[PDB]
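Next comes upload04.txt, a file with compact mmCIF, N, CA, C and O atoms.
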# COMPACT_ATOMS: atom_id res chain seq x y z
N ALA N 51 39.59 -20.05 -9.63
CA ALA N 51 38.47 -20.47 -8.79
C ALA N 51 37.19 -20.44 -9.60
O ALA N 51 37.10 -19.80 -10.65
N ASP N 52 36.18 -21.15 -9.09
CA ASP N 52 34.86 -21.22 -9.71
C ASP N 52 33.83 -20.57 -8.80
O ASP N 52 33.79 -20.86 -7.60
N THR N 53 33.02 -19.68 -9.37
CA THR N 53 32.04 -18.94 -8.58
C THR N 53 30.91 -19.86 -8.13
O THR N 53 30.49 -20.76 -8.86
N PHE N 54 30.41 -19.62 -6.92
CA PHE N 54 29.31 -20.36 -6.34
C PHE N 54 28.14 -19.42 -6.10
O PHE N 54 28.33 -18.28 -5.68
N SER N 55 26.93 -19.90 -6.38
CA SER N 55 25.73 -19.07 -6.30
C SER N 55 24.98 -19.32 -4.99
O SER N 55 24.97 -20.43 -4.46
N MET N 56 24.34 -18.25 -4.49
CA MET N 56 23.59 -18.31 -3.24
C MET N 56 22.09 -18.35 -3.50
O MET N 56 21.60 -17.80 -4.50
N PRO N 57 21.32 -19.00 -2.63
CA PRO N 57 19.86 -18.97 -2.76
C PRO N 57 19.28 -17.62 -2.35
O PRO N 57 20.02 -16.73 -1.93
N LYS N 58 17.96 -17.48 -2.45
CA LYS N 58 17.34 -16.17 -2.23
C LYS N 58 17.13 -15.88 -0.75
O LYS N 58 17.71 -14.94 -0.20
N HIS N 59 16.31 -16.69 -0.08
CA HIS N 59 15.79 -16.34 1.24
C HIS N 59 16.69 -16.89 2.35
O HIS N 59 16.26 -17.66 3.21
N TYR N 60 17.96 -16.48 2.32
CA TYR N 60 18.89 -16.96 3.34
C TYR N 60 19.87 -15.88 3.80
O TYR N 60 20.94 -16.23 4.32
N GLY N 61 19.55 -14.61 3.63
CA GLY N 61 20.41 -13.55 4.14
C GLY N 61 21.54 -13.19 3.20
O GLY N 61 21.58 -13.56 2.02
N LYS N 62 22.49 -12.43 3.75
CA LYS N 62 23.63 -11.92 3.00
C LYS N 62 24.95 -12.51 3.47
O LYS N 62 26.01 -11.93 3.20
N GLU N 63 24.92 -13.65 4.16
CA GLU N 63 26.13 -14.28 4.67
C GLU N 63 26.10 -15.77 4.38
O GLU N 63 25.03 -16.37 4.22
N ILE N 64 27.29 -16.37 4.33
CA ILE N 64 27.45 -17.78 3.99
C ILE N 64 28.39 -18.41 5.01
O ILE N 64 29.13 -17.73 5.72
N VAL N 65 28.35 -19.75 5.08
CA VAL N 65 29.15 -20.49 6.04
C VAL N 65 29.48 -21.86 5.46
O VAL N 65 28.73 -22.41 4.64
N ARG N 66 30.62 -22.40 5.88
CA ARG N 66 31.08 -23.71 5.44
C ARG N 66 31.87 -24.35 6.57
O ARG N 66 32.33 -23.68 7.50
N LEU N 67 32.05 -25.67 6.48
CA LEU N 67 32.68 -26.46 7.54
C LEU N 67 33.96 -27.10 7.03
O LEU N 67 34.03 -27.57 5.89
N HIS N 68 34.98 -27.13 7.90
CA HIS N 68 36.24 -27.80 7.63
C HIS N 68 36.48 -28.83 8.72
O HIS N 68 36.12 -28.62 9.88
N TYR N 69 37.10 -29.96 8.35
CA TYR N 69 37.02 -31.15 9.19
C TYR N 69 38.33 -31.57 9.85
O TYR N 69 38.30 -32.49 10.67
N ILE N 70 39.46 -30.93 9.53
CA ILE N 70 40.69 -31.05 10.32
C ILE N 70 41.09 -32.50 10.53
O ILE N 70 40.80 -33.07 11.60
N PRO N 71 41.72 -33.16 9.54
CA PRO N 71 42.04 -34.60 9.68
C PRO N 71 42.80 -34.96 10.95
O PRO N 71 43.34 -34.09 11.65
N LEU N 72 42.85 -36.26 11.24
CA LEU N 72 43.22 -36.74 12.57
C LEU N 72 44.62 -36.30 12.97
O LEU N 72 44.79 -35.55 13.94
N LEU N 73 45.64 -36.75 12.24
CA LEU N 73 47.03 -36.49 12.61
C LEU N 73 47.42 -35.07 12.22
O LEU N 73 48.17 -34.81 11.28
N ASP N 74 46.87 -34.12 12.98
CA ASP N 74 47.15 -32.70 12.78
C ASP N 74 47.30 -32.02 14.13
O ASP N 74 46.75 -32.47 15.13
N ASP N 75 48.07 -30.93 14.14
CA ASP N 75 48.27 -30.19 15.38
C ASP N 75 47.05 -29.37 15.78
O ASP N 75 46.94 -28.98 16.94
N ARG N 76 46.13 -29.12 14.85
CA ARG N 76 44.91 -28.39 15.17
C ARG N 76 43.84 -29.28 15.78
O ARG N 76 42.82 -28.76 16.24
N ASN N 77 44.05 -30.60 15.80
CA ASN N 77 43.09 -31.54 16.38
C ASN N 77 43.36 -31.62 17.88
O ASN N 77 44.02 -32.54 18.38
N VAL N 78 42.84 -30.64 18.61
CA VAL N 78 43.01 -30.54 20.05
C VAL N 78 41.70 -30.95 20.71
O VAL N 78 40.64 -30.38 20.41
N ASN N 79 41.77 -31.92 21.61
CA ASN N 79 40.58 -32.45 22.28
C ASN N 79 41.02 -33.11 23.58
O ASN N 79 42.16 -32.96 24.02
N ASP N 80 40.10 -33.86 24.20
CA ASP N 80 40.34 -34.53 25.47
C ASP N 80 39.84 -35.96 25.44
O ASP N 80 39.21 -36.45 26.38
N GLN N 81 40.11 -36.67 24.34
CA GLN N 81 39.70 -38.06 24.17
C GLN N 81 40.91 -38.98 24.03
O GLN N 81 40.84 -40.01 23.34
N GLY N 82 42.02 -38.64 24.68
CA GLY N 82 43.26 -39.37 24.53
C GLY N 82 43.50 -40.36 25.64
O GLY N 82 43.65 -39.98 26.81
N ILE N 83 43.56 -41.64 25.28
CA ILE N 83 43.90 -42.72 26.19
C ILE N 83 45.19 -43.36 25.70
O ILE N 83 45.29 -43.75 24.53
N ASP N 84 46.18 -43.46 26.59
CA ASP N 84 47.49 -43.98 26.22
C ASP N 84 47.41 -45.49 26.00
O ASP N 84 46.36 -46.12 26.12
N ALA N 85 48.57 -46.09 25.68
CA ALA N 85 48.64 -47.51 25.38
C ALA N 85 48.45 -48.39 26.61
O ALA N 85 48.35 -49.61 26.46
N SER N 86 48.41 -47.81 27.80
CA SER N 86 48.18 -48.54 29.05
C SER N 86 47.16 -47.81 29.90
O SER N 86 47.34 -47.60 31.10
N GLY N 87 46.04 -47.41 29.28
CA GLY N 87 45.09 -46.57 29.98
C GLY N 87 45.70 -45.21 30.26
O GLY N 87 46.38 -44.62 29.41
N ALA N 88 45.46 -44.69 31.47
CA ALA N 88 46.13 -43.49 31.97
C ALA N 88 45.89 -42.30 31.03
O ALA N 88 46.79 -41.81 30.35
N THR N 89 44.62 -41.89 30.97
CA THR N 89 44.17 -40.81 30.10
C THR N 89 45.13 -39.63 30.12
O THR N 89 45.65 -39.25 31.18
N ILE N 90 45.37 -39.05 28.95
CA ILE N 90 46.37 -38.03 28.75
C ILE N 90 45.71 -36.80 28.13
O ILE N 90 44.50 -36.75 27.93
N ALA N 91 46.54 -35.79 27.82
CA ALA N 91 46.03 -34.52 27.32
C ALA N 91 45.71 -34.59 25.83
O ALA N 91 44.57 -34.35 25.42
N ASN N 92 46.71 -34.90 25.01
CA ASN N 92 46.52 -34.87 23.57
C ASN N 92 45.65 -36.03 23.12
O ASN N 92 45.90 -37.19 23.47
N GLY N 93 44.62 -35.72 22.33
CA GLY N 93 43.74 -36.72 21.76
C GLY N 93 44.14 -37.22 20.39
O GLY N 93 43.39 -37.99 19.78
N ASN N 94 45.30 -36.80 19.88
CA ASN N 94 45.77 -37.20 18.56
C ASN N 94 47.07 -37.97 18.70
O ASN N 94 47.84 -37.78 19.64
N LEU N 95 47.31 -38.87 17.74
CA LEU N 95 48.49 -39.73 17.76
C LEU N 95 49.73 -38.91 17.45
O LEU N 95 49.97 -38.54 16.29
N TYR N 96 50.53 -38.61 18.48
CA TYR N 96 51.83 -37.93 18.37
C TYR N 96 51.76 -36.65 17.55
O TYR N 96 52.79 -36.16 17.07
N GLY N 97 50.56 -36.08 17.39
CA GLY N 97 50.42 -34.80 16.71
C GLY N 97 50.96 -34.85 15.29
O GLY N 97 50.69 -35.79 14.52
N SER N 98 51.73 -33.82 14.93
CA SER N 98 52.35 -33.74 13.62
C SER N 98 53.87 -33.69 13.71
O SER N 98 54.53 -33.39 12.71
N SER N 99 54.44 -33.96 14.88
CA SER N 99 55.89 -33.96 15.02
C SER N 99 56.50 -35.10 14.20
O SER N 99 56.00 -36.23 14.21
N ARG N 100 57.59 -34.79 13.50
CA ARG N 100 58.23 -35.73 12.59
C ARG N 100 59.57 -36.23 13.11
O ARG N 100 60.37 -36.76 12.33
N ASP X 101 -53.28 21.14 24.04
CA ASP X 101 -54.08 21.79 25.07
C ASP X 101 -55.52 21.91 24.59
O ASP X 101 -55.78 22.35 23.47
N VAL X 102 -56.46 21.51 25.45
CA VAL X 102 -57.87 21.50 25.06
C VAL X 102 -58.36 22.92 24.78
O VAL X 102 -59.06 23.17 23.79
N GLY X 103 -58.00 23.86 25.65
CA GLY X 103 -58.48 25.23 25.48
C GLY X 103 -58.00 25.87 24.19
O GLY X 103 -58.78 26.50 23.48
N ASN X 104 -56.71 25.71 23.88
CA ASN X 104 -56.17 26.31 22.67
C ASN X 104 -56.81 25.71 21.42
O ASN X 104 -57.16 26.44 20.48
N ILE X 105 -56.96 24.38 21.38
CA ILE X 105 -57.57 23.74 20.22
C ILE X 105 -59.02 24.19 20.07
O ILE X 105 -59.48 24.46 18.95
N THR X 106 -59.76 24.27 21.18
CA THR X 106 -61.14 24.73 21.11
C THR X 106 -61.22 26.17 20.63
O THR X 106 -62.14 26.53 19.87
N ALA X 107 -60.28 27.01 21.05
CA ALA X 107 -60.31 28.42 20.65
C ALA X 107 -59.89 28.61 19.20
O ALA X 107 -60.34 29.56 18.55
N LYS X 108 -59.04 27.73 18.67
CA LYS X 108 -58.53 27.88 17.31
C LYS X 108 -59.20 26.93 16.32
O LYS X 108 -58.63 26.64 15.27
N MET X 109 -60.40 26.43 16.64
CA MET X 109 -61.11 25.57 15.71
C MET X 109 -61.63 26.39 14.53
O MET X 109 -61.99 27.56 14.68
N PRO X 110 -61.69 25.78 13.34
CA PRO X 110 -62.18 26.50 12.14
C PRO X 110 -63.70 26.52 12.05
O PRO X 110 -64.33 25.85 11.22
N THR X 111 -64.33 27.29 12.93
CA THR X 111 -65.78 27.43 12.91
C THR X 111 -66.23 28.22 11.68
O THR X 111 -65.48 29.04 11.14
N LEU X 112 -67.46 27.96 11.25
CA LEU X 112 -68.03 28.60 10.07
C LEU X 112 -69.41 29.15 10.40
O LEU X 112 -70.16 28.56 11.18
N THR X 113 -69.74 30.28 9.79
CA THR X 113 -71.01 30.96 10.00
C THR X 113 -71.92 30.74 8.80
O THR X 113 -71.59 30.02 7.85
N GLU X 114 -73.10 31.38 8.85
CA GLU X 114 -74.08 31.20 7.79
C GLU X 114 -73.70 31.98 6.54
O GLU X 114 -73.92 31.51 5.41
N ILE X 115 -73.12 33.17 6.71
CA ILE X 115 -72.81 34.02 5.56
C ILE X 115 -71.71 33.39 4.71
O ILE X 115 -71.82 33.30 3.49
N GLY X 116 -70.63 32.95 5.35
CA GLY X 116 -69.51 32.38 4.64
C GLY X 116 -68.35 33.34 4.50
O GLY X 116 -67.78 33.79 5.50
N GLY X 117 -67.97 33.65 3.26
CA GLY X 117 -66.90 34.59 3.02
C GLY X 117 -65.52 33.97 3.20
O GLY X 117 -65.36 32.77 3.42
N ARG X 118 -64.51 34.83 3.09
CA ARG X 118 -63.12 34.43 3.26
C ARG X 118 -62.81 34.43 4.75
O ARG X 118 -62.47 35.47 5.32
N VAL X 119 -62.91 33.26 5.38
CA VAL X 119 -62.80 33.18 6.84
C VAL X 119 -61.76 32.18 7.32
O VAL X 119 -61.32 32.28 8.48
N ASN X 120 -61.33 31.21 6.52
CA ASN X 120 -60.40 30.19 7.00
C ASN X 120 -59.51 29.75 5.85
O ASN X 120 -59.89 28.86 5.08
N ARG X 121 -58.33 30.35 5.74
CA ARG X 121 -57.34 29.98 4.74
C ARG X 121 -56.17 29.27 5.41
O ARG X 121 -55.88 29.48 6.59
N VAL X 122 -55.50 28.41 4.64
CA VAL X 122 -54.37 27.63 5.11
C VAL X 122 -53.27 27.66 4.05
O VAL X 122 -53.43 28.26 2.98
N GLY X 123 -52.15 27.01 4.36
CA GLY X 123 -51.02 26.95 3.45
C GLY X 123 -50.12 25.79 3.81
O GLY X 123 -50.29 25.14 4.84
N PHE X 124 -49.14 25.55 2.95
CA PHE X 124 -48.26 24.39 3.08
C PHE X 124 -46.82 24.81 2.82
O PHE X 124 -46.55 25.93 2.36
N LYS X 125 -45.90 23.90 3.11
CA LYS X 125 -44.48 24.19 3.01
C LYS X 125 -43.72 22.89 2.78
O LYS X 125 -44.26 21.79 2.94
N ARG X 126 -42.45 23.03 2.38
CA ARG X 126 -41.58 21.88 2.18
C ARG X 126 -40.15 22.29 2.48
O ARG X 126 -39.80 23.48 2.45
N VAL X 127 -39.31 21.30 2.78
CA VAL X 127 -37.94 21.51 3.21
C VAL X 127 -37.02 20.57 2.43
O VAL X 127 -37.47 19.69 1.69
N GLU X 128 -35.72 20.77 2.62
CA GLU X 128 -34.69 20.06 1.87
C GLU X 128 -33.82 19.22 2.80
O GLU X 128 -33.61 19.57 3.97
N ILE X 129 -33.31 18.12 2.26
CA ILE X 129 -32.39 17.23 2.96
C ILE X 129 -31.18 17.01 2.06
O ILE X 129 -31.33 16.75 0.86
N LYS X 130 -29.98 17.12 2.63
CA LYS X 130 -28.74 17.10 1.86
C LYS X 130 -27.89 15.89 2.23
O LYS X 130 -28.07 15.26 3.28
N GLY X 131 -26.93 15.59 1.35
CA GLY X 131 -25.97 14.53 1.57
C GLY X 131 -24.54 15.00 1.35
O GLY X 131 -24.29 16.20 1.30
N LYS X 132 -23.60 14.06 1.22
CA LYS X 132 -22.20 14.42 1.05
C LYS X 132 -21.43 13.23 0.49
O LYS X 132 -21.96 12.12 0.37
N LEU X 133 -20.17 13.48 0.15
CA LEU X 133 -19.27 12.46 -0.37
C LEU X 133 -17.84 12.81 0.05
O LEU X 133 -17.52 13.97 0.31
N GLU X 134 -16.99 11.79 0.11
CA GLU X 134 -15.61 11.98 0.53
C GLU X 134 -14.74 10.85 0.00
O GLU X 134 -15.24 9.79 -0.40
N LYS X 135 -13.43 11.08 0.02
CA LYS X 135 -12.44 10.17 -0.52
C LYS X 135 -11.43 9.80 0.56
O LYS X 135 -11.04 10.66 1.36
N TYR X 136 -11.01 8.54 0.58
CA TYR X 136 -10.04 8.06 1.56
C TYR X 136 -9.04 7.14 0.87
O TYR X 136 -9.30 6.62 -0.21
N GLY X 137 -7.89 6.96 1.51
CA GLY X 137 -6.88 6.06 0.99
C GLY X 137 -5.56 6.08 1.72
O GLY X 137 -5.26 7.02 2.46
N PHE X 138 -4.75 5.03 1.52
CA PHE X 138 -3.44 4.94 2.15
C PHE X 138 -2.58 3.95 1.39
O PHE X 138 -3.09 3.12 0.62
N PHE X 139 -1.27 4.03 1.62
CA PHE X 139 -0.31 3.25 0.84
C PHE X 139 0.85 2.82 1.74
O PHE X 139 0.95 3.22 2.90
N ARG X 140 1.73 2.00 1.18
CA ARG X 140 2.93 1.53 1.86
C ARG X 140 4.02 1.27 0.83
O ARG X 140 3.74 1.04 -0.35
N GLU X 141 5.27 1.29 1.30
CA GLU X 141 6.43 1.11 0.44
C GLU X 141 7.37 0.06 1.03
O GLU X 141 7.30 -0.27 2.21
N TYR X 142 8.24 -0.47 0.17
CA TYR X 142 9.25 -1.43 0.58
C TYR X 142 10.35 -1.45 -0.47
O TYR X 142 10.25 -0.82 -1.52
N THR X 143 11.41 -2.20 -0.17
CA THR X 143 12.54 -2.34 -1.08
C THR X 143 12.70 -3.80 -1.51
O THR X 143 12.14 -4.71 -0.90
N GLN X 144 13.47 -3.99 -2.58
CA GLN X 144 13.66 -5.33 -3.13
C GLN X 144 14.49 -6.21 -2.20
O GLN X 144 14.26 -7.42 -2.11
N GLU X 145 15.46 -5.62 -1.50
CA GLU X 145 16.31 -6.40 -0.60
C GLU X 145 15.50 -7.03 0.52
O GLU X 145 15.78 -8.16 0.93
N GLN X 146 14.51 -6.31 1.03
CA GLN X 146 13.65 -6.86 2.08
C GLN X 146 12.91 -8.10 1.59
O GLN X 146 12.80 -9.10 2.31
N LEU X 147 12.38 -8.04 0.37
CA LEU X 147 11.67 -9.19 -0.19
C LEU X 147 12.62 -10.35 -0.46
O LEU X 147 12.28 -11.51 -0.19
N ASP X 148 13.81 -10.07 -0.99
CA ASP X 148 14.70 -11.13 -1.44
C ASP X 148 15.50 -11.77 -0.32
O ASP X 148 15.89 -12.93 -0.45
N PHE X 149 15.77 -11.05 0.77
CA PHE X 149 16.65 -11.54 1.82
C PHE X 149 15.93 -11.93 3.10
O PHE X 149 16.59 -12.38 4.05
N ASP X 150 14.62 -11.76 3.17
CA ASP X 150 13.89 -12.15 4.37
C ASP X 150 13.82 -13.67 4.48
O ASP X 150 13.68 -14.37 3.48
Hey, can you dump this file as structure tokens for me?
Amino acid sequence: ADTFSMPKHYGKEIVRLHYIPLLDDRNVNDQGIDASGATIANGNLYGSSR
Amino acid sequence: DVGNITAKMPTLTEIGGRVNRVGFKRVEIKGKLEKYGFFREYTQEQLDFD
């Protein structure tokens, strides 16, 4: 790994964001519309089931 | 008081002599000096992380 440096006037803690790509089981939401309307639970395309 | 001043006036006679002597005086006035001060402390983490 490569070390990353922190600025001065920002406390003693750090934070970062992860974006969870679409076809993943962790992408849980309520924006799912089926192929004939009829809004459904899962907002992702068939999840990650293979 | 008129009576007291009239009674204690420095009257003089014809003969003269040692009849009216006076004197003077002086007094002192004093001063002073004093010292004052105050301080404060802090740490480096407070300066760097605020």
Find the nearest atom pair between each residue of chain X and chain N for residues within 5 Å, count only N, CA, C and O atoms, give distances in Å to one decimal, sort rows by chain and ascending number, and present the table as a Markdown table.
| residue | atom | partner | partner_atom | distance |
| --- | --- | --- | --- | --- |
| X:148 | O | N:58 | O | 2.7 |
| X:149 | O | N:61 | N | 3.7 |
| X:150 | O | N:59 | CA | 3.7 |
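The smallest atom-to-atom distance between residue N:99 and any of N:51, N:64, N:83, N:73, using all atoms listed in the file, is found for N:73.
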query = Between atom N of residue N:85 and atom O of residue N:68, what is the distance, to one decimal in Å?
reply =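 Straight-line distance from atom N of residue N:85 to atom O of residue N:68 works out to 26.6 Å.
Here atom O of residue N:81 stands at a distance of 4.7 Å from atom CA of residue N:93.
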key: Backbone DSSP call of strand (DSSP E or B) for chain N, listed as number ranges by chain   = N: 82-85, 87-90
message = Please report the interatomic distance between atom CA of residue N:91 and atom N of residue N:79 in Å with one decimal.
response =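 Pair atom CA of residue N:91 / atom N of residue N:79 returns 7.6 Å.
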Let me have the centre and edge lengths in Å, one decimal, of the box along x, y and z around every listed atom of stretch 59-72 of chain N with 8 Å of margin on each side, as AutoDock Vina command-line options.
--center_x 30.3 --center_y -24.3 --center_z 6.9 --size_x 45.0 --size_y 40.8 --size_z 30.0
